[PDB]
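Just so you know, the sequences run in chain order C, L, E, B, Y and F. Just so you know, we're using the numbering used here here: the first sequence kicks off at 626 and counts up by one. Just so you know, we're using the numbering used here here: the second sequence kicks off at 11 and counts up by one. Just so you know, we're using the numbering used here here: the third sequence kicks off at 1402 and counts up by one. Just so you know, we're using the numbering used here here: the fourth sequence kicks off at 1402 and counts up by one. Just so you know, we're using the numbering used here here: the fifth sequence kicks off at 3 and counts up by one. Just so you know, we're using the numbering used here here: the sixth sequence kicks off at 1387 and counts up by one. Just so you know, even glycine gets a beta-carbon here, dropped at the ideal spot from N, CA and C. First comes the structure, then the notes that go with it.
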Amino acid sequence: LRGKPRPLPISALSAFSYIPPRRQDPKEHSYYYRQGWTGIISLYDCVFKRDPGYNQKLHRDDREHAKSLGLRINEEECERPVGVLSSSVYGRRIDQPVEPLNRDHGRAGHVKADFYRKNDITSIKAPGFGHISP
Amino acid sequence: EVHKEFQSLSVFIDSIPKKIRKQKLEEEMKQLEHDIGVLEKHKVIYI
Amino acid sequence: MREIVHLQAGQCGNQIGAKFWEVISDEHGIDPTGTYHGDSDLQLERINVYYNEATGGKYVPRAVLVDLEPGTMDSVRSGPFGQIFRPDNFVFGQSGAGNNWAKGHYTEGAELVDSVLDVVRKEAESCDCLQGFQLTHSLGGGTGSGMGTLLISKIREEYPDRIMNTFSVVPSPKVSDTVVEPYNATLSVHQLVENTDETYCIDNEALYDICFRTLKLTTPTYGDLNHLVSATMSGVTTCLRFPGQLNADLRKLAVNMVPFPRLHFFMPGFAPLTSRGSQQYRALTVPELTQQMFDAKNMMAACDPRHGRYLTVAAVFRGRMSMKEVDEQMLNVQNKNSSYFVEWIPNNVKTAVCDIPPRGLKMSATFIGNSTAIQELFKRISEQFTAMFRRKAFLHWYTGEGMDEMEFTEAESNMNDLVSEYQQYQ
Amino acid sequence: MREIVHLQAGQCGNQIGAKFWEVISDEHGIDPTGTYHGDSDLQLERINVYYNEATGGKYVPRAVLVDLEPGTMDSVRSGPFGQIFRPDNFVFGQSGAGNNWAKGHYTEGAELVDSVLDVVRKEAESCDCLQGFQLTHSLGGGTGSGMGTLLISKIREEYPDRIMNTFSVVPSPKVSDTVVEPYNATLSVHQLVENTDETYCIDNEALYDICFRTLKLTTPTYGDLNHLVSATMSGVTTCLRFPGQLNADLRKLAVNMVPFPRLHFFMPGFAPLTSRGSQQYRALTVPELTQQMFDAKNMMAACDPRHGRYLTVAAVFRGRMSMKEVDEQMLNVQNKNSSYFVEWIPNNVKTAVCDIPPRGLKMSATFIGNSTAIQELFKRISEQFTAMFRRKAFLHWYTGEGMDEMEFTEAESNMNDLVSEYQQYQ
Amino acid sequence: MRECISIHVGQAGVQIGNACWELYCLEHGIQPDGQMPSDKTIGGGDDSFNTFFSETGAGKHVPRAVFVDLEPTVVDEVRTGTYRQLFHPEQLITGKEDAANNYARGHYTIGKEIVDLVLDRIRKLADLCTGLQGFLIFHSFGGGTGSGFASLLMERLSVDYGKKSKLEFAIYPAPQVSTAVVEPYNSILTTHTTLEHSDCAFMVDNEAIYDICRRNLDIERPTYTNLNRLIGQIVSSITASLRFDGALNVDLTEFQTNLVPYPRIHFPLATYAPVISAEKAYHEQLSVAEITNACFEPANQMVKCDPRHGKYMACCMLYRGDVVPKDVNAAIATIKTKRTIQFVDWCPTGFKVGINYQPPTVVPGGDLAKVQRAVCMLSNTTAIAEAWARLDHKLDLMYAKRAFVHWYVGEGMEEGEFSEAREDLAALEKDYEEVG
Amino acid sequence: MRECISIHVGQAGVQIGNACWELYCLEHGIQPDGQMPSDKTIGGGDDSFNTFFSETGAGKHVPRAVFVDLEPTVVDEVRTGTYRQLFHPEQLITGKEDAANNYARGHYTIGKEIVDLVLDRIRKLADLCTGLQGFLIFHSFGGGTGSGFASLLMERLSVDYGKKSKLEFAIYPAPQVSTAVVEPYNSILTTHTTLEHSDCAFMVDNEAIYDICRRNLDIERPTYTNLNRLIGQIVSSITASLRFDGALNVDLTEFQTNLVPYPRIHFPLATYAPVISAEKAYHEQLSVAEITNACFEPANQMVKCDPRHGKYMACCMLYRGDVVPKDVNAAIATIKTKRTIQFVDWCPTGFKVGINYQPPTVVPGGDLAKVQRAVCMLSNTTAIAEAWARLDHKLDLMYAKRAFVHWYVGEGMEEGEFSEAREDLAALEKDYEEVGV
Ligand SMILES: Nc1nc2c(ncn2[C@@H]2O[C@H](COP(=O)(O)OP(=O)(O)OP(=O)(O)O)[C@@H](O)[C@H]2O)c(=O)[nH]1
Ligand SMILES: Nc1nc2c(ncn2[C@@H]2O[C@H](COP(=O)(O)OP(=O)(O)OP(=O)(O)O)[C@@H](O)[C@H]2O)c(=O)[nH]1
Ligand SMILES: Nc1nc2c(ncn2[C@@H]2O[C@H](COP(=O)(O)OP(=O)(O)O)[C@@H](O)[C@H]2O)c(=O)[nH]1
Ligand SMILES: Nc1nc2c(ncn2[C@@H]2O[C@H](COP(=O)(O)OP(=O)(O)O)[C@@H](O)[C@H]2O)c(=O)[nH]1
Ligand SMILES: [Mg+2]
Ligand SMILES: [Mg+2]
């Protein structure tokens, strides 16, 4: 017994509100389909060991996830079936095609790639080497 | 543990025994910090 | 991305915030020691809406916990997550308000707010952009109705463009734990009208009715009422910190809601509240959620909405649904309840859809509503004030600190015009 | 190669200097016995600024320590690091002063001044290129302000081009240690304004305020006060000993700091001061360091700067960093409270950055700033002089050793001329 | 060389543009990171992707679009989404604040400071392109940042780029189902701005496509993904002939020369006929003669407006797929004999037909079945006077006691624009009534 | 053949040189040891390292410059740094009791005893130079030893070496931010000596490179290393013609004879166009129009100014890498069709194009990506004079109060030197206001 905050009278504990340090069941417990971060094993590393470095892409040092720098969200819903956001449906089933695309009716440009050469002026030049004719 | 004991103390101190308790927590912190620092200074430790 | 500073006042505010920073704590999934222990990275992107950070994944709440006694902050530290709060914003007094408004506003609290302002201004200038100033206090207490009202009146002289929401705990109409409560009630009501942007009224006995009829608890402790109110606390601002199909921050929750400067009194609700004996006997979808809002039996104010007409209503939805039925049933509750809405406004309900539910809940929603029944909650305090001031009772506690008599007459005179302009919209 | 000679008068300045040399010894990493044990090489590159070499690799300090009684050298000899001081660098007097200017200035300190001048000339021609001299003493003492100020007078004739900086110890505002403190302090303040180029004001009341409210220490002793001063003393000589992107020695910190001759009264501070119970809740990044300087409660002179107005401000940083964030935040703190700066000089802030922080930290700063608020540090002492000299109360302790009458009036006249010169720039 | 520039304003524009650019990268062989597995060297030169993509030297072609929003909560997940390697980071304009359902916020306080960035990127995109055709503005009437910022954008691109093409893919608020109380405010005062800085404006309204999904597509409880995909299909069928080959090609220049008779009657509509699932069309043929009959019925339009009380003036038919023009000729030969679909007396022809040789590519997971023929009608009718009468009626109902004005007057506005924005709508009503 | 001697005076000069010379070593095959290995040569006379690197018969190339400072801190730092064996010990000059942000040290007996050693250094360095082309100056106005001692060095250089080309890469005070309080007068009375003894004046502004880095590269921690890398890039691209082949080569003579019309008007601006991170490099194509159009944007300036309010006078396109001349001509023809870009009447042509075939080189662990097209505009304009107006106002705000004058006159000088220090700047401001109208 080191110090206990005289836990509670039983007239205060009720049948709705109890939130622990959630350990979560293996895999299948959350709306997010993951286990949960293991976390730092000891706060002494957080408290007495801070490497001094202004990591080049974040406005302050207290905003380590400013432009989502480090958050791997896009990879994370590639491992669970249903996208948790209503924006991951946009471009999900494109690795499995429904129909191969045609490539006949297009807008191929011919007057700007066959009429113009790069640079030689070869009209006033003799043919030269390797000039087999039909 | 001893930091969690420290964070549970009173917000303001007026009484003598709270002062002595806070000082004792302080010196236990210093002993633990000194041991951790003397062990983390080098990679090879003689014993 | 949009900083919210959590202001506090009194034992009411401290007890409510002690589980605000439970519900927000486990919604983002932190440890009691302040380290992130969630599952996904959706909860890690928007930690800065409510939390400042540090190195090593150590997150502290951005709160200003302040009262006039040091006997309650140690009770705050004795809670389950009391070790994430800071000692710098542990501003305390030496003497007690003792359930009077005089010594919370002019004598004691007038000196103490000179340092609470310093703590807030240090916190407000330590970010990118404040959205506004949330606070929880009691209009029936001494250091909540007195020092919180003074803090409200003192802040808005420096930031005149921010949006503040008072999540006030109004006195109950039936049970009155303090006799001199209808003094502090009017003496705060005269001050919230001319300054605050939207006022959320929470009533204790209505919460007891919620916990009895909608939850079927036997012995409801305060940790249920404060948890319910903290659920709607998180549910009001859920679109700021999580993505969705149609988001609603605190700014657009008032321009869609208030029609007039003197008329801003709201009253909230929470939909997915069901007992433990009848939770498998109902399918949960958009219909049962839309049904449960618009009855008087889920409301957290002490007024019947049948006696008045809603001017306008907001509604925030959380989770993943299809919203076509959402619009269908908002139109349905406009169609049936035509007598309960005014006929000089075309559309009256804001629909906002997030994409993330609470922990332990999967389709949740939050009611915020302006009604023309709140003046029922105000005339009872008014009639008690007129019936008890007329015998000039309890004046020595409200004159001996340097106050006057004309301020009580101004508090009386301010109520009737507000009641009249509310009643003109009937 | 720009070496500095330290002078120590009295037991006050010797007590400060024991902890000063403690901190310098710790941060340059030399033994209690006088052998270098630091791991890095950067602590040896400019070691001659504070420690002359000797036989056997011993780094003997170049310090002059003189006192009028032999009592207090036994403490500094029997300290932790007291075995490194050179044995013959101590000059003692048989009879001490005991709070009088006359025995330190004309009777016993005048006979003893040839020995301290002897060792000063002996240790001043043993250096390559002397930068200047440093003296720590007490204005309210008898042989600090009596004898060490005569050292100022003699060295100013001997080396008229070097820089003089004094870390003087001004009397506290409320509680005074000695009743004859104003006499001995004004009789040296009058002379200090001619023979010095820098002056730093330290009081123990504001230091107790810092050690109580800021660091939350249990029982603050004079050792903690000496350590807090010694942090500032070691801060100002950073770039002389260590590299960096923007150096600042003692000489650049004077031309950038005081515009006129007789306005060299500075008033310092120190940045990384956090409570032991609040270490984990904040990080000492750029705004949390640049905010604490321009706060009133972190300052080592007991005058509130909001009553006055700053003239020029310094900041000497350490650790690995860059200048976009600091030069944004100094402009933010210079443009927000523009009413706290005079407008007849465009820029007011001086910025230095070194790369090596002190041990146990990673980012530090050192405030140096003259202000119009230093005038009130001298208003109380001038009014004390005028209140007590008009009653001719304590005259007989001084006149018995051969003083003059109207010299007190001349000291008062120079004191009030400094008053009239400081007040114009408000 | 036939480039076009798309501007998406507001999160309505962003969520429509996500689906429309999905259809863009899928209608070509474009990988979601923006790479071409079959470049111009292999399989002959191609230029159909140049109308929506800018091929860089390394093959990582980037889209030609700007997405602007004040709140960054809708651009941040597409900054870290499935299309996060496609768009250039500076084509994603984000602010700090939110317009918050207000015309005043997005036009007079926060509008004035971020416009210089979106103009900079639009000017850079215009210098990037050599052959631009016009503008394709995606925004919503009823928002705050889709109504203030959009209108303030157009009022300045009109003075910058001069006489160009401005084609609105605008979202109209509904007659019966609404989201904001303040919706009749930002939908009226922005009409006082658009009426001279615009050329054509298709209104698309939400419960219209809800009814389309619940009736023809047979999907119960659809979502916003099942709406923006149809909008992207409409938009790609509009610009279909500009990037493929057929019997008759249509450019964006002849929309305003064939559908706009007067400067103030420039409000056409949209209709997509062959929207039907893979159950219902699985065993029934869809010819050209009856996919033109289904479009003229009110149970397939994209705005609640009854054309039986209206008078059609100018319609254009961008057909698509394996269709030969004799069945088209028979198709308009059938419908001109119908009295119930009645044209105005002065317009003899009132019709325009373009043909493309491309079947509509089907997004996987999208419920639109593989069809051979697609018709994109853009009817211009005078029946929209019915749509504006109820909006002015509810504006008269709620402004009668000056509701919501006190927060609409301190943010850089006054009562004058509120007073004059109703006379403009009355003039529009009388202008649409004198023609019909 | 085309040797160039570079002068770095002041700790700002040492810090700029510590990155610029790293770039100069990387653009050739020069290791930090100082020997070009066998696998990075051509196989005969290269004659491209001879501009900045000498040749000692032991295969060692020594830098052709001087690093001069009066405090041994930064000089000792480069003496213990990674490039210690590159520079010879006599090529670095130290001193004691530094100038300490003061011009009064500039003309004193301690400031007159050390210029002879650096002049000996220049004399014996330029004697090895068969084809010496000029002097490039690196110093700072805001410091003491950058502004005071370099003034005497340039005065005695103009006395000794006669009419010669001297161009300075000088650091100017920034408009909002500053470092020293005594920076105004230390810059004003060192501007007085750079009018009669200079040929061109490239000014930089630290907060401009700060805002450039923020707006273009998404970079926090702009240290002096990140700024001096860009300063190294521009000084490399201005001397690129002397080293590598190209279509049109711009010598320093044909830059001055095209860029400074009058002896009193030598004040270019500066811009480096393709500043873009590695992440943004894959998305934005770098074509000639799309790189040359960013130089005329005032948000991309290297000196905080607005050329829209002023009038351009002359320009100097310095292209690099693969460049097709007809796109340069087409963009220049397009450039002439913006009314925002206004030109003075007496310069109808107003352009000068240099083409070099060598692509830019990228330092490892640096800022910019591998870019193959570069633009370096040195555009003289009358809009550089608003900095002088702010400096004259900001000195007039300090004077008539005798602020910080006692250290100026107590040290060996005269208080009368301030009187003409505003008269000549009023003359210069009226010169720049008389030319543009
Ligand atoms: N069909 C369709 N409608 C949408 C979409 N996104 C938003 N809307 C509708 O557009 C209407 C107006 O919303 P917005 O224009 O986006 O409002 P806003 O742009 O957020 O304006 P602010 O709140 O001030 O930022 C809403 O009622 C939605 O119903 C979408 O992706 N598709
Ligand atoms: N861009 C850039 N600016 C610098 C650099 N170093 C110094 N400066 C600027 O130059 C100004 C002059 O500072 P210093 O170089 O330290 O002073 P100094 O020229 O060495 O003169 P002394 O202080 O007497 O030694 C400062 O205000 C800085 O802003 C650098 O490496 N890069
Ligand atoms: N809902 C709720 N009400 C509370 C709580 N604590 C106190 N109250 C109510 O607050 C009212 C008076 O508040 P009071 O004790 O005077 O607050 P004080 O001024 O801070 O002391 C009582 O009638 C209680 O019902 C709580 O945790 N939850
Ligand atoms: N901060 C601090 N002040 C000291 C210390 N020792 C003495 N003093 C100050 O010195 C003054 C008394 O000096 P005094 O003994 O008369 O000096 P003396 O004449 O040389 O003996 C007091 O006002 C103290 O404030 C110390 O260790 N720390
Ligand atoms: Mg929006
Ligand atoms: Mg120097």
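(request) Pull up the CB-CB distance for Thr-273/Y and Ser-381/Y, whole angstroms please, since I reckon it's below 8 Å. (result) 7 Å
(message) Between which residues of its own chain and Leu-244/Y is the CB-CB distance below 8 Å, once the five residues before and five after are set aside?
(response) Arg-4, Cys-6, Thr-53, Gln-135, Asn-251, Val-252, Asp-253 and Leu-254
(request) With DSSP collapsed to three states, give me the class of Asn-358/Y. (result) coil
(request) May I have a chain-ordered list of the alpha helix (DSSP H) segments no shorter than 4 residues that lie completely inside the stretch 649-718 of chain C? (result) 668-673 and 698-701
(message) Taking the beta strand (DSSP E) that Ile-1405/B belongs to, which residues open and close that run?
(response) 1404-1410
(request) Confirm the yes/no value for this check: CB of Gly-312/Y, any heavy atom of ligand 3, distance under 7 Å. (result) no
(request) State whether the stretch 351-361 of chain Y contacts the stretch 415-429 of chain Y, with contact taken as three or more CB pairs (one from each stretch) at a distance under 8 Å. (result) no
(request) Mind checking which residues open and close the beta strand (DSSP E) that includes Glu-1454/B? (result) 1452-1454
(message) For a contact defined as C-beta to C-beta under 8 Å, what are the partners of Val-184/Y on chain E?
(response) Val-1656 and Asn-1657
(message) Would you say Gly-1678/B lies against chain L (beta-carbon separation less than 8 Å)?
(response) yes
(message) I'd like to know whether the C-beta atoms of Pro-1673/B and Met-1701/B end up nearer to each other than 8 Å.
(response) no
(request) Please decide whether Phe-22/L counts as near chain B, where near means a Cβ-Cβ distance under 8 Å. (result) no
(message) If we define contact as Cβ-Cβ less than 8 Å, is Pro-630/C a contact residue for chain L?
(response) yes
(request) Go ahead and pull the three-state DSSP assignment for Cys-1602/B. (result) strand
(message) Is the beta carbon of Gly-1439/E closer than 8 Å to that of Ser-642/C?
(response) no
(message) DSSP has residue 470/Y in a bridge; who is on the other side?
(response) Past the edges of chain Y, shown from 3 to 438, lies residue 470/Y, and the structure says nothing about it.
(message) Shorter than 7 Å, the distance from the beta carbon of residue 1828/B to the closest heavy atom of ligand 4, or not?
(response) The displayed coordinates of chain B run from 1402 to 1827. Any statement about residue 1828/B would go beyond what the structure contains.
(request) Kindly confirm or deny that the stretch 1488-1495 of chain B and the stretch 1468-1475 of chain B touch, where touching means at least three C-beta pairs closer than 8 Å. (result) yes
(request) Taking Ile-1605/F as the query, report the chain C residues whose CB atoms sit under 9 Å from its CB, ordered along the chain. (result) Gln-681 and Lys-682
(request) Could you name the residues of the same chain whose beta carbon sits closer than 6 Å to that of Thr-1747/F, not counting the 5 residues immediately before and after it, in chain order? (result) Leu-1412 and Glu-1413
(message) Taking only three categories from DSSP, how would you classify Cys-307/Y?
(response) coil
(message) ligand 6 and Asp-1425/F: does any heavy atom of the ligand fall closer than 7 Å to the residue's C-beta?
(response) no
(message) Quick test of your reading: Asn-1748/E and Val-206/Y, contact by CB under 8 Å. State the CB separation rounded to the nearest angstrom.
(response) Between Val-206/Y and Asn-1748/E the Cβ distance is about 19 Å, and since that is not below 8 Å, they are no contact.
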